[PDB]
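Since every read-out is calculated from the coordinates, none of them should be taken as a lab result. Here the Cβ positions follow ideal geometry from the backbone for every residue, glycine too, while neighbour counts run over all protein chains shown.
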Amino acid sequence: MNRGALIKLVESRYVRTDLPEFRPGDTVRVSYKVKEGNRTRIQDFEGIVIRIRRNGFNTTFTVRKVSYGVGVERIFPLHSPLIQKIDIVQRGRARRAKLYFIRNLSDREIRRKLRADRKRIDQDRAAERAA
Amino acid sequence: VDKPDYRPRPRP
Amino acid sequence: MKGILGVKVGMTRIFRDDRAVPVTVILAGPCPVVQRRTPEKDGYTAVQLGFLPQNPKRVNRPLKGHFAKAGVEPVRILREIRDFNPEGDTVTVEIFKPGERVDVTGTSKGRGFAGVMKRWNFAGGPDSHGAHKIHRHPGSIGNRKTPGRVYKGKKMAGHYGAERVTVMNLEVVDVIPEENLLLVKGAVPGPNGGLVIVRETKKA
Amino acid sequence: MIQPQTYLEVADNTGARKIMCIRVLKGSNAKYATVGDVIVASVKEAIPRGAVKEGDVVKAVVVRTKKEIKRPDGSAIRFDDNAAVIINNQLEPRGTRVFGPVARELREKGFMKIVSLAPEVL
Amino acid sequence: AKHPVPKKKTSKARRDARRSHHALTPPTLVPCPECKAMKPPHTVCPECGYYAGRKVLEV
Amino acid sequence: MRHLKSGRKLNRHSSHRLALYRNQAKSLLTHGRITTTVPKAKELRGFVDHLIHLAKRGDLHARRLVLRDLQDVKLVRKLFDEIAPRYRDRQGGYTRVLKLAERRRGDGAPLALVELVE
RNA sequence: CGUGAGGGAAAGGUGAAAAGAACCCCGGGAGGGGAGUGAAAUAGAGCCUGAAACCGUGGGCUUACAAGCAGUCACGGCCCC
RNA sequence: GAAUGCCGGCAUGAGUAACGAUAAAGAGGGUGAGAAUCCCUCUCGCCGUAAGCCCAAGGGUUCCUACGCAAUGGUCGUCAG
RNA sequence: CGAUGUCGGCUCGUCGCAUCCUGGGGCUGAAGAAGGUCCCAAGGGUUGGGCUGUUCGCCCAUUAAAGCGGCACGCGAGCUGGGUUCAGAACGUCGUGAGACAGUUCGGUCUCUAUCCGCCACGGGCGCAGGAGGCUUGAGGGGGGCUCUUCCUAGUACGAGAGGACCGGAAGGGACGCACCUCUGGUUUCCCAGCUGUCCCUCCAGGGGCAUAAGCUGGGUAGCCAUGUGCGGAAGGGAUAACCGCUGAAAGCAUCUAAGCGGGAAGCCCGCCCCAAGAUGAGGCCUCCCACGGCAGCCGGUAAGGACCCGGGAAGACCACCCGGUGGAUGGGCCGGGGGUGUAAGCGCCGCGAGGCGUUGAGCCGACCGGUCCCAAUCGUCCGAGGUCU
Ligand SMILES: [Mg+2]
Ligand SMILES: [Mg+2]
Ligand SMILES: [Mg+2]
Ligand SMILES: [Mg+2]
Ligand SMILES: [Mg+2]
Ligand SMILES: [Mg+2]
Ligand SMILES: [Mg+2]
Ligand SMILES: [Mg+2]
Ligand SMILES: [Mg+2]
Ligand SMILES: [Mg+2]
Ligand SMILES: [Mg+2]
Ligand SMILES: [Mg+2]
Ligand SMILES: [Mg+2]
Ligand SMILES: [Mg+2]
Ligand SMILES: [Mg+2]
Ligand SMILES: [Mg+2]
Ligand SMILES: [Mg+2]
Ligand SMILES: [Mg+2]
Ligand SMILES: [Mg+2]
Ligand SMILES: [Mg+2]
Ligand SMILES: [Mg+2]
Ligand SMILES: [Mg+2]
Ligand SMILES: [Mg+2]
Ligand SMILES: [Mg+2]
Ligand SMILES: [Mg+2]
Ligand SMILES: [Mg+2]
Ligand SMILES: [Mg+2]
Ligand SMILES: [Mg+2]
Ligand SMILES: [Mg+2]
Ligand SMILES: [Mg+2]
Ligand SMILES: [Mg+2]
Ligand SMILES: [Mg+2]
Ligand SMILES: [Mg+2]
Ligand SMILES: [Mg+2]
Ligand SMILES: [Mg+2]
Ligand SMILES: [Mg+2]
Ligand SMILES: [Mg+2]
Ligand SMILES: [Mg+2]
Ligand SMILES: [Mg+2]
Ligand SMILES: [Mg+2]
Ligand SMILES: [Mg+2]
Ligand SMILES: [Mg+2]
Ligand SMILES: [Mg+2]
Ligand SMILES: [Mg+2]
Ligand SMILES: [Mg+2]
Ligand SMILES: [Mg+2]
Ligand SMILES: [Mg+2]
Ligand SMILES: [Mg+2]
Ligand SMILES: [Mg+2]
Ligand SMILES: [Mg+2]
Ligand SMILES: [Mg+2]
Ligand SMILES: [Mg+2]
Ligand SMILES: [Mg+2]
Ligand SMILES: [Mg+2]
Ligand SMILES: [Mg+2]
Ligand SMILES: [Mg+2]
Ligand SMILES: [Mg+2]
Ligand SMILES: [Mg+2]
Ligand SMILES: [Mg+2]
Ligand SMILES: [Mg+2]
Ligand SMILES: [Mg+2]
Ligand SMILES: [Mg+2]
Ligand SMILES: [Mg+2]
Ligand SMILES: [Mg+2]
Ligand SMILES: [Mg+2]
Ligand SMILES: [Mg+2]
Ligand SMILES: [Mg+2]
Ligand SMILES: [Mg+2]
Ligand SMILES: [Mg+2]
Ligand SMILES: [Mg+2]
Ligand SMILES: [Mg+2]
Ligand SMILES: [Mg+2]
Ligand SMILES: [Mg+2]
Ligand SMILES: [Mg+2]
Ligand SMILES: [Mg+2]
Ligand SMILES: [Mg+2]
Ligand SMILES: [Mg+2]
Ligand SMILES: [Mg+2]
Ligand SMILES: [Mg+2]
Ligand SMILES: [Mg+2]
Ligand SMILES: [Mg+2]
Ligand SMILES: [Mg+2]
Ligand SMILES: [Mg+2]
Ligand SMILES: [Mg+2]
Ligand SMILES: [Mg+2]
Ligand SMILES: [Mg+2]
Ligand SMILES: [Mg+2]
Ligand SMILES: [Mg+2]
Ligand SMILES: [Mg+2]
Ligand SMILES: [Mg+2]
Ligand SMILES: [Mg+2]
Ligand SMILES: [Mg+2]
Ligand SMILES: [Mg+2]
Ligand SMILES: [Mg+2]
Ligand SMILES: [Mg+2]
Ligand SMILES: [Mg+2]
Ligand SMILES: [Mg+2]
Ligand SMILES: [Mg+2]
Ligand SMILES: [Mg+2]
Ligand SMILES: [Mg+2]
Ligand SMILES: [Mg+2]
Ligand SMILES: [Mg+2]
Ligand SMILES: [Mg+2]
Ligand SMILES: [Mg+2]
Ligand SMILES: [Mg+2]
Ligand SMILES: [Mg+2]
Ligand SMILES: [Mg+2]
Ligand SMILES: [Mg+2]
Ligand SMILES: [Mg+2]
Ligand SMILES: [Mg+2]
Ligand SMILES: [Mg+2]
Ligand SMILES: [Mg+2]
Ligand SMILES: [Mg+2]
Ligand SMILES: [Mg+2]
Ligand SMILES: [Mg+2]
Ligand SMILES: [Mg+2]
Ligand SMILES: [Mg+2]
Ligand SMILES: [Mg+2]
Ligand SMILES: [Mg+2]
Ligand SMILES: [Mg+2]
Ligand SMILES: [Mg+2]
Ligand SMILES: [Mg+2]
Ligand SMILES: [Mg+2]
Ligand SMILES: [Mg+2]
Ligand SMILES: [Mg+2]
Ligand SMILES: [Mg+2]
Ligand SMILES: [Mg+2]
Ligand SMILES: [Mg+2]
Ligand SMILES: [Mg+2]
Ligand SMILES: [Mg+2]
Ligand SMILES: [Mg+2]
Ligand SMILES: [Mg+2]
Ligand SMILES: [Mg+2]
Ligand SMILES: [Mg+2]
Ligand SMILES: [Mg+2]
Ligand SMILES: [Mg+2]
Ligand SMILES: [Mg+2]
Ligand SMILES: [Mg+2]
Ligand SMILES: [Mg+2]
Ligand SMILES: [Mg+2]
Ligand SMILES: [Mg+2]
Ligand SMILES: [Mg+2]
Ligand SMILES: [Mg+2]
Ligand SMILES: [Mg+2]
Ligand SMILES: [Mg+2]
Ligand SMILES: [Mg+2]
Ligand SMILES: [Mg+2]
Ligand SMILES: [Mg+2]
Ligand SMILES: [Mg+2]
Ligand SMILES: [Mg+2]
Ligand SMILES: [Mg+2]
Ligand SMILES: [Mg+2]
Ligand SMILES: [Mg+2]
Ligand SMILES: [Mg+2]
Ligand SMILES: [Mg+2]
Ligand SMILES: [Mg+2]
Ligand SMILES: [Mg+2]
Ligand SMILES: [Mg+2]
Ligand SMILES: [Mg+2]
Ligand SMILES: [Mg+2]
Ligand SMILES: [Mg+2]
Ligand SMILES: [Mg+2]
Ligand SMILES: [Mg+2]
Ligand SMILES: [Mg+2]
Ligand SMILES: [Mg+2]
Ligand SMILES: [Mg+2]
Ligand SMILES: [Mg+2]
Ligand SMILES: [Mg+2]
Ligand SMILES: [Mg+2]
Ligand SMILES: [Mg+2]
Ligand SMILES: [Mg+2]
Ligand SMILES: [Mg+2]
Ligand SMILES: [Mg+2]
Ligand SMILES: [Mg+2]
Ligand SMILES: [Mg+2]
Ligand SMILES: [Mg+2]
Ligand SMILES: [Mg+2]
Ligand SMILES: [Mg+2]
Ligand SMILES: [Mg+2]
Ligand SMILES: [Mg+2]
Ligand SMILES: [Mg+2]
Ligand SMILES: [Mg+2]
Ligand SMILES: [Mg+2]
Ligand SMILES: [Mg+2]
Ligand SMILES: [Mg+2]
Ligand SMILES: [Mg+2]
Ligand SMILES: [Mg+2]
Ligand SMILES: [Mg+2]
Ligand SMILES: [Mg+2]
Ligand SMILES: [Mg+2]
Ligand SMILES: [Mg+2]
Ligand SMILES: [Mg+2]
Ligand SMILES: [Mg+2]
Ligand SMILES: [Mg+2]
Ligand SMILES: [Mg+2]
Ligand SMILES: [Mg+2]
Ligand SMILES: [Mg+2]
Ligand SMILES: [Mg+2]
Ligand SMILES: [Mg+2]
Ligand SMILES: [Mg+2]
Ligand SMILES: [Mg+2]
Ligand SMILES: [Mg+2]
Ligand SMILES: [Mg+2]
Ligand SMILES: [Mg+2]
Ligand SMILES: [Mg+2]
Ligand SMILES: [Mg+2]
Ligand SMILES: [Mg+2]
Ligand SMILES: [Mg+2]
Ligand SMILES: [Mg+2]
Ligand SMILES: [Mg+2]
Ligand SMILES: [Mg+2]
Ligand SMILES: [Mg+2]
Ligand SMILES: [Mg+2]
Ligand SMILES: [Mg+2]
Ligand SMILES: [Mg+2]
Ligand SMILES: [Mg+2]
Ligand SMILES: [Mg+2]
Ligand SMILES: [Mg+2]
Ligand SMILES: [Mg+2]
Ligand SMILES: [Mg+2]
Ligand SMILES: [Mg+2]
Ligand SMILES: [Mg+2]
Ligand SMILES: [Mg+2]
Ligand SMILES: [Mg+2]
Ligand SMILES: [Mg+2]
Ligand SMILES: [Mg+2]
Ligand SMILES: [Mg+2]
Ligand SMILES: [Mg+2]
Ligand SMILES: [Mg+2]
Ligand SMILES: [Mg+2]
Ligand SMILES: [Mg+2]
Ligand SMILES: [Mg+2]
Ligand SMILES: [Mg+2]
Ligand SMILES: [Mg+2]
Ligand SMILES: [Mg+2]
Ligand SMILES: [Mg+2]
Ligand SMILES: [Mg+2]
Ligand SMILES: [Mg+2]
Ligand SMILES: [Mg+2]
Ligand SMILES: [Mg+2]
Ligand SMILES: [Mg+2]
Ligand SMILES: [Mg+2]
Ligand SMILES: [Mg+2]
Ligand SMILES: [Mg+2]
Ligand SMILES: [Mg+2]
Ligand SMILES: [Mg+2]
Ligand SMILES: [Mg+2]
Ligand SMILES: [Mg+2]
Ligand SMILES: [Mg+2]
Ligand SMILES: [Mg+2]
Ligand SMILES: [Mg+2]
Ligand SMILES: [Mg+2]
Ligand SMILES: [Mg+2]
Ligand SMILES: [Mg+2]
Ligand SMILES: [Mg+2]
Ligand SMILES: [Mg+2]
Ligand SMILES: [Mg+2]
Ligand SMILES: [Mg+2]
Ligand SMILES: [Mg+2]
Ligand SMILES: [Mg+2]
Ligand SMILES: [Mg+2]
Ligand SMILES: [Mg+2]
Ligand SMILES: [Mg+2]
Ligand SMILES: [Mg+2]
Ligand SMILES: [Mg+2]
Ligand SMILES: [Mg+2]
Ligand SMILES: [Mg+2]
Ligand SMILES: [Mg+2]
Ligand SMILES: [Mg+2]
Ligand SMILES: [Mg+2]
Ligand SMILES: [Mg+2]
Ligand SMILES: [Mg+2]
Ligand SMILES: [Mg+2]
Ligand SMILES: [Mg+2]
Ligand SMILES: [Mg+2]
Ligand SMILES: [Mg+2]
Ligand SMILES: [Mg+2]
Ligand SMILES: [Mg+2]
Ligand SMILES: [Mg+2]
Ligand SMILES: [Mg+2]
Ligand SMILES: [Mg+2]
Ligand SMILES: [Zn+2]
């Protein structure tokens, strides 16, 4: 018996493979399927991902945004079926895995500490060049 | 209810 | 009443109708009946189920005897389900269809010698304002000269966990017969690798 | 996760700026209040000649919390503060504007007026 | 605390009852297949120095 | 509780315990065979095995890695040049533990030998 | 013991005679076992006599469904005479 | 037979509390009847306006060697004030 | 009085019922809704704050309700020590005074070790007439027992209106309880990184010690966790309380009763969950051993089986329990995956330099899921039936 493989066997039906890779520090647009009575629509949540906590099918990522004067953090499961898509809007360069510290920084301070990740940006335009 | 001590507090 | 032996394998959430549902995966199948308890012979009705194959090098003669009289492979675990009499010679997860509610029994995790706070959710003592070495102590345990004793049953520190626990009316979320899995919604007593019993619920 | 003594930002133009919860109106003995729950609170800071003034004992519905709230779809949301909107006994906003985003859980809790007035619902 | 204390002297019967569990268990020993001397199992024989068939130790 | 926790405490705080295994490693790697108490012995295996595996790698990196625990260039040269080659084909198990038959007089401690393998 | 004035104990007995145990044996030694001395050595120096509490070894009878100031009265079983 | 009597002896509590700063230990090699504890080596840790050094009080051979391990040493002891 | 520690709080309960709520009733100056008043009922529940040392009380905000009492005014070998009993000091007052005052003020030594009973846990022993390995029956115990809002029925019955049901159905909560760790959120004593001073290795580079029993800082697996998740209170059957009747005399009528029969509570019995054959009343089933050598007894070897020892374990203080012991994946290594950390060292290139870029999601890397006999569970030993009698 292999209890791990069993779990991954259960999870396998639900696993996504269509989402783009992003890192903590990247700026991201999550189009999420929302219910609002009595219809359902797509609401876009767009911000920096400050956390990606891994656990296989159970990885989840946290995105931070400041809307209308207030800071908002959203936790999304990486394989939720309620995410329509994710668009990478900017590669940001982190020097640590969790970016909790940007919560106390000015927008200007954040801007400095999260320089655009030129390398993975070049990679982004380097792919997308398709036949 | 407050009634008075009958025994002192124990000393060394 | 119907039931099956199984081991707890682990937990996850799956997605079902835009909802995350916490599940515990259980490997239940397959359980061979190795004896039936009958009113004319035993005075009550049940089925002794076997579970998990065993190295015959480890099974002794009185045990070998029992298995053979039932024409059954040597198994690691023997356990009864009461008032359950399957038509077959073998019980599998398929006796459970999704949507059914079940009762899961397992052996709880053992906390060993547990203080009165962990065990019985006592308040313990203050951590300041003069508290003297009593921060986790249970307080008074009685009265005075009347009754001059302590009640049988007084909640006190002592071993806690590693005991039979049944949680009831859990949903069967899915069942994967080709791998002998059962998917139950919520939490189940005990550690991974822990033997558990799964019975149809007694609630209505 | 709001309880008595908790300070809340007020997210409207009632004139209040800071309320301190003195009760969570939810059963015999609720320990915490979250998005969509109504509290009774004391006005601790106001601005001159508002509807409400310092000292008043008003009702409000929580619309933002710093402790993240969980959703049946497996997600969560969390705000920079704990905020509330002051209401009347009919659960109607006493102000005429509400500022900053509010939690979507308000809609299903029957605070449609406030949900509407909000600049964003997350 | 208030300094608890024995209320009554323990009887010869009762102290000895307490000690009904105090007997030593003799050392469990087995012959060393090399030199037939008696030693604890799963230890290197302290007489010839052999364990698992080979010489391991200078005794 | 202690549910599924790996690592003896050996009644030492963090830095003493670390020092303990290191000094043992220096002595094992030096004399090829030492005698300790059974618990230190069993715990010394993996600590040393890892160090031997790095010696089996041979690279400058792995040398600088081992130096963090062993600290002695000569001792490490012995490790890399004479010891590690003996294990080129052996897949783990570079150490063994066999229990002695007699306890310490002064405190009754059960003893064991730990040696590098052939 | 007290700075001091001052307070202030415990502790006797081998044998007639040292004849106070050569020598051998186990043991690092202490101790013991033989040999020897003696009327006597459980008079062997930790020595006359050697009570009692207290500790232990061996044997007889007895005890793990039972209620106690522990005894007493009766009967029965077992052991001994 | 009692005086919370006096003197002494021996019990109970009990193989229990404790073994006196949480600066810290590990291995190898000696020695010896016997070694966690004595010597030597290497590694590790602690003090460094001290936990090092030098005076004065006070103590009085405790100093240095050799030979010892009954007792003293809170364990051990081959070591030692 | 050769000592029965004394108010209040805390902690932990437990009982009573003259019942605060919830359930069931009768009467009502009971239209409905909502009250009053009495009866039955102790199963559960009975909130958070301000003031005072307070008990109490008043007040704020709620609530189904914010019940009253007993237990040495329950509980100081369980804690507190604010109050009241000491020594200090002052004020008012009384006294020539020393001092005093059910008058006030500020301060003021609360004792590591549980023998017996009792309590919570856990073993050892012997017994359960053959000896054993498993699986069970449940005598008898314990646990639990709460409750609100909204919607539908229906703006209906009832009312002029205001207001607004019974019965029946549906959803959603608060507090409590048991388990659990997928998620959320904590811890994670060395799993990774960054930083300072100093000493050191080896000069640079790269490192190690120490700064706490982690030097500091940012993160963090498994585990153990709640703030997170699942689920529970029931349903149902039975017998009842007050109370309501059917039939019905004594008493041509009447009468719930004297014969007899119905209805009827969150309460009582069962039902749910857990313990349980030391239940000496020691039960039941399945399976294994067997008809030993010597003189209901003894000794001696065995049978089936057990223990010893060992490798370990979400088992655990020791013990016990559980697994495994080479015909083996038990721990340790090693390998693969997960996971954390977040791009090592070395070199190259750019810059006067601090650095930066590339190699590179690299290097390192506890516990998590696995594989692999490389290391160690070597080799063994000791117990252990012969079945009493009607
Ligand atoms: Mg496995
Ligand atoms: Mg898993
Ligand atoms: Mg497979
Ligand atoms: Mg995946
Ligand atoms: Mg995957
Ligand atoms: Mg600027
Ligand atoms: Mg590039
Ligand atoms: Mg005292
Ligand atoms: Mg599905
Ligand atoms: Mg039946
Ligand atoms: Mg039956
Ligand atoms: Mg049936
Ligand atoms: Mg079971
Ligand atoms: Mg604890
Ligand atoms: Mg705890
Ligand atoms: Mg608990
Ligand atoms: Mg408290
Ligand atoms: Mg606390
Ligand atoms: Mg105190
Ligand atoms: Mg104190
Ligand atoms: Mg304290
Ligand atoms: Mg008391
Ligand atoms: Mg009594
Ligand atoms: Mg247990
Ligand atoms: Mg339970
Ligand atoms: Mg059951
Ligand atoms: Mg349900
Ligand atoms: Mg605002
Ligand atoms: Mg004001
Ligand atoms: Mg007001
Ligand atoms: Mg104390
Ligand atoms: Mg005593
Ligand atoms: Mg006595
Ligand atoms: Mg006595
Ligand atoms: Mg006693
Ligand atoms: Mg005796
Ligand atoms: Mg006793
Ligand atoms: Mg051998
Ligand atoms: Mg702990
Ligand atoms: Mg483990
Ligand atoms: Mg461990
Ligand atoms: Mg381990
Ligand atoms: Mg460690
Ligand atoms: Mg251990
Ligand atoms: Mg310790
Ligand atoms: Mg300790
Ligand atoms: Mg210790
Ligand atoms: Mg130590
Ligand atoms: Mg340190
Ligand atoms: Mg050597
Ligand atoms: Mg490893
Ligand atoms: Mg080092
Ligand atoms: Mg040993
Ligand atoms: Mg041993
Ligand atoms: Mg020995
Ligand atoms: Mg010793
Ligand atoms: Mg003197
Ligand atoms: Mg003197
Ligand atoms: Mg003198
Ligand atoms: Mg004399
Ligand atoms: Mg004479
Ligand atoms: Mg004379
Ligand atoms: Mg000799
Ligand atoms: Mg000699
Ligand atoms: Mg000597
Ligand atoms: Mg002699
Ligand atoms: Mg002699
Ligand atoms: Mg003679
Ligand atoms: Mg003669
Ligand atoms: Mg004569
Ligand atoms: Mg003689
Ligand atoms: Mg003699
Ligand atoms: Mg005599
Ligand atoms: Mg004599
Ligand atoms: Mg004489
Ligand atoms: Mg004499
Ligand atoms: Mg004598
Ligand atoms: Mg005598
Ligand atoms: Mg005797
Ligand atoms: Mg009886
Ligand atoms: Mg009897
Ligand atoms: Mg008796
Ligand atoms: Mg008794
Ligand atoms: Mg009596
Ligand atoms: Mg009698
Ligand atoms: Mg007298
Ligand atoms: Mg006397
Ligand atoms: Mg006395
Ligand atoms: Mg006297
Ligand atoms: Mg005396
Ligand atoms: Mg004594
Ligand atoms: Mg002991
Ligand atoms: Mg004791
Ligand atoms: Mg103790
Ligand atoms: Mg101790
Ligand atoms: Mg000391
Ligand atoms: Mg002392
Ligand atoms: Mg010490
Ligand atoms: Mg210490
Ligand atoms: Mg230190
Ligand atoms: Mg120590
Ligand atoms: Mg030596
Ligand atoms: Mg020699
Ligand atoms: Mg020594
Ligand atoms: Mg010695
Ligand atoms: Mg040494
Ligand atoms: Mg020493
Ligand atoms: Mg020492
Ligand atoms: Mg060395
Ligand atoms: Mg210092
Ligand atoms: Mg200095
Ligand atoms: Mg200094
Ligand atoms: Mg000097
Ligand atoms: Mg002098
Ligand atoms: Mg002197
Ligand atoms: Mg001298
Ligand atoms: Mg000389
Ligand atoms: Mg000595
Ligand atoms: Mg000595
Ligand atoms: Mg000696
Ligand atoms: Mg001498
Ligand atoms: Mg000594
Ligand atoms: Mg001392
Ligand atoms: Mg000597
Ligand atoms: Mg000397
Ligand atoms: Mg000297
Ligand atoms: Mg008195
Ligand atoms: Mg007294
Ligand atoms: Mg008295
Ligand atoms: Mg209080
Ligand atoms: Mg307390
Ligand atoms: Mg308190
Ligand atoms: Mg409190
Ligand atoms: Mg009571
Ligand atoms: Mg009560
Ligand atoms: Mg009470
Ligand atoms: Mg009344
Ligand atoms: Mg009231
Ligand atoms: Mg009512
Ligand atoms: Mg009522
Ligand atoms: Mg009424
Ligand atoms: Mg009415
Ligand atoms: Mg009316
Ligand atoms: Mg009316
Ligand atoms: Mg009345
Ligand atoms: Mg009344
Ligand atoms: Mg009344
Ligand atoms: Mg009543
Ligand atoms: Mg009640
Ligand atoms: Mg009651
Ligand atoms: Mg009550
Ligand atoms: Mg209160
Ligand atoms: Mg205040
Ligand atoms: Mg208060
Ligand atoms: Mg009060
Ligand atoms: Mg009153
Ligand atoms: Mg008052
Ligand atoms: Mg008043
Ligand atoms: Mg009401
Ligand atoms: Mg109140
Ligand atoms: Mg009242
Ligand atoms: Mg009360
Ligand atoms: Mg009372
Ligand atoms: Mg009273
Ligand atoms: Mg009291
Ligand atoms: Mg009271
Ligand atoms: Mg008391
Ligand atoms: Mg006290
Ligand atoms: Mg008190
Ligand atoms: Mg007492
Ligand atoms: Mg206590
Ligand atoms: Mg005061
Ligand atoms: Mg004063
Ligand atoms: Mg006057
Ligand atoms: Mg005057
Ligand atoms: Mg006058
Ligand atoms: Mg007076
Ligand atoms: Mg006075
Ligand atoms: Mg006064
Ligand atoms: Mg007074
Ligand atoms: Mg007075
Ligand atoms: Mg007054
Ligand atoms: Mg006044
Ligand atoms: Mg005062
Ligand atoms: Mg003061
Ligand atoms: Mg005072
Ligand atoms: Mg006071
Ligand atoms: Mg005080
Ligand atoms: Mg003790
Ligand atoms: Mg005791
Ligand atoms: Mg105690
Ligand atoms: Mg007693
Ligand atoms: Mg007891
Ligand atoms: Mg047991
Ligand atoms: Mg037992
Ligand atoms: Mg027992
Ligand atoms: Mg026993
Ligand atoms: Mg018997
Ligand atoms: Mg039998
Ligand atoms: Mg078994
Ligand atoms: Mg059995
Ligand atoms: Mg059995
Ligand atoms: Mg039966
Ligand atoms: Mg029963
Ligand atoms: Mg009973
Ligand atoms: Mg309608
Ligand atoms: Mg309507
Ligand atoms: Mg109307
Ligand atoms: Mg209307
Ligand atoms: Mg109608
Ligand atoms: Mg009308
Ligand atoms: Mg209306
Ligand atoms: Mg209804
Ligand atoms: Mg509900
Ligand atoms: Mg309760
Ligand atoms: Mg967990
Ligand atoms: Mg996990
Ligand atoms: Mg977690
Ligand atoms: Mg987390
Ligand atoms: Mg964290
Ligand atoms: Mg490391
Ligand atoms: Mg460090
Ligand atoms: Mg440094
Ligand atoms: Mg140097
Ligand atoms: Mg450098
Ligand atoms: Mg460096
Ligand atoms: Mg380090
Ligand atoms: Mg250093
Ligand atoms: Mg350090
Ligand atoms: Mg230092
Ligand atoms: Mg600090
Ligand atoms: Mg840390
Ligand atoms: Mg975390
Ligand atoms: Mg973790
Ligand atoms: Mg919670
Ligand atoms: Mg449900
Ligand atoms: Mg019913
Ligand atoms: Mg009925
Ligand atoms: Mg009538
Ligand atoms: Mg009639
Ligand atoms: Mg008639
Ligand atoms: Mg009748
Ligand atoms: Mg009658
Ligand atoms: Mg009836
Ligand atoms: Mg009727
Ligand atoms: Mg109910
Ligand atoms: Mg059971
Ligand atoms: Mg049984
Ligand atoms: Mg039985
Ligand atoms: Mg049973
Ligand atoms: Mg009975
Ligand atoms: Mg019988
Ligand atoms: Mg039986
Ligand atoms: Mg069976
Ligand atoms: Mg035979
Ligand atoms: Mg014969
Ligand atoms: Mg056999
Ligand atoms: Mg074991
Ligand atoms: Mg455990
Ligand atoms: Mg163990
Ligand atoms: Mg033991
Ligand atoms: Mg076994
Ligand atoms: Mg074997
Ligand atoms: Mg092999
Ligand atoms: Mg393995
Ligand atoms: Mg392995
Ligand atoms: Mg990764
Ligand atoms: Mg780089
Ligand atoms: Mg690099
Ligand atoms: Mg340049
Ligand atoms: Mg250059
Ligand atoms: Mg690349
Ligand atoms: Mg790598
Ligand atoms: Mg890896
Ligand atoms: Mg891990
Ligand atoms: Mg995995
Ligand atoms: Mg593994
Ligand atoms: Mg092998
Ligand atoms: Mg294989
Ligand atoms: Mg035998
Ligand atoms: Mg007959
Ligand atoms: Zn041998």
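I'm checking my understanding of the structure. Among residues of segment C:111-127 that are in a helix (DSSP H, G or I) and touching a residue at least 40 places away in the same chain (Cβ under 8 Å), which one is nearest to ligand 203 (Cβ to nearest atom)?
Checking each candidate, the answer is C:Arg119.
Any residue in segment D:76-94 that is assigned to a loop (DSSP other than H, G, I, E, B), touching a residue at least 24 places away in the same chain (Cβ under 8 Å), within 14 Å of another protein chain (Cβ to nearest Cβ) and over 25 Å from A:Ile75 (Cβ atoms)? Before you say what the answer is, go through the steps one by one.
Step one: list which residues in segment D:76-94 are assigned to a loop (DSSP other than H, G, I, E, B), which gives D:80-82, D:88-92, D:94.
Add one more test, that the residue is touching a residue at least 24 places away in the same chain (Cβ under 8 Å), and what stays is D:81-82, D:88-89, D:91, D:94.
Checking which are within 14 Å of another protein chain (Cβ to nearest Cβ) leaves us with D:81-82.
If we keep only those that are over 25 Å from A:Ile75 (Cβ atoms) as well, we get none.
For segment D:76-94, residues assigned to a loop (DSSP other than H, G, I, E, B), touching a residue at least 24 places away in the same chain (Cβ under 8 Å), within 14 Å of another protein chain (Cβ to nearest Cβ) and over 25 Å from A:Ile75 (Cβ atoms): absent.
Conditions tested, residue by residue: (1) surrounded by fewer than 16 Cβ atoms within 10 Å (Cβ to Cβ); (2) under 23 Å from E:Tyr50 (Cα atoms); (3) more than 16 Å from ligand 254 (Cβ to nearest atom).
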position	(1), (2), (3)
F:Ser15	yes, no, yes
F:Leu29	no, no, yes
F:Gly32	yes, yes, yes
F:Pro39	yes, yes, yes
F:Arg57	yes, no, yes
F:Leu79	no, no, yes
F:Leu100	no, yes, yes
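Take the residues of segment A:1-21 that are loosely packed, with under 13 Cβ neighbours inside 10 Å and among the hydroxyl-bearing types (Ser, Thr, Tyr): which is nearest to the other protein chains (Cβ to nearest Cβ)?
A:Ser12
Across segment C:164-180, what is the number of residues that are within 16 Å of ligand 25 (Cβ to nearest atom), out of contact with any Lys or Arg (no Cβ under 8 Å at 6 or more places or on another chain) and of a type outside the set (D, E, K, R)? So that I can check it myself, show each step before the final result.
Kept after step one, since they are within 16 Å of ligand 25 (Cβ to nearest atom), are these residues of segment C:164-180: C:164-170.
Those still in the list that are out of contact with any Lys or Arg (no Cβ under 8 Å at 6 or more places or on another chain) too: C:164-167.
Next, only the ones that are of a type outside the set (D, E, K, R) stay: C:165-167.
Residues flagged as within 16 Å of ligand 25 (Cβ to nearest atom), out of contact with any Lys or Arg (no Cβ under 8 Å at 6 or more places or on another chain) and of a type outside the set (D, E, K, R) within segment C:164-180 amount to 3.
Scan segment F:20-43 for residues that are under 12 Å from the mean Cα position of the chain (by Cα) and either within 30 Å of C:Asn192 (Cα to Cα) or without any contact (Cβ under 8 Å) to a residue 24 or more places away in the chain (or both) and jot them down.
Scanning segment F:20-43 gives F:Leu20, F:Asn23, F:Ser27, F:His31, F:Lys42, F:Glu43.
Take the residues of segment A:22-49 that are touching a residue at least 24 places away in the same chain (Cβ under 8 Å) and touching a helix residue (DSSP H, G or I) at 6+ places or on another chain (Cβ under 9 Å): which is nearest to the other protein chains (Cβ to nearest Cβ)?
Here the residue is A:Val34.
Go through segment E:23-46 and give me each residue that's exposed (fewer than 15 other Cβ atoms within 10 Å of the Cβ) and either aromatic (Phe, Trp, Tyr) or within 23 Å of F:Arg33 (Cα to Cα) (or both).
Matches in segment E:23-46: E:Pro41, E:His42.
Return a yes/no flag: does segment C:154-174 have any residue that is over 30 Å from C:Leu52 (Cα atoms) and buried (at least 17 other Cβ atoms within 10 Å of the Cβ).
Scanning segment C:154-174 turns up at least one residue that is over 30 Å from C:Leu52 (Cα atoms) and buried (at least 17 other Cβ atoms within 10 Å of the Cβ).
Scan segment A:50-92 for residues that are within 8 Å of chain D (Cβ to nearest Cβ), closer than 25 Å to A:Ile110 by Cβ and outside any strand (DSSP E or B) and jot them down.
Matches in segment A:50-92: A:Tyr68, A:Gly69.
If we keep just the residues of segment A:1-54 that are within 16 Å of ligand 9 (Cβ to nearest atom) and among the charged types (D, E, K, R), which is farthest from C:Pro53 (Cα to Cα)?
Filtering first and then ranking leaves A:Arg16.
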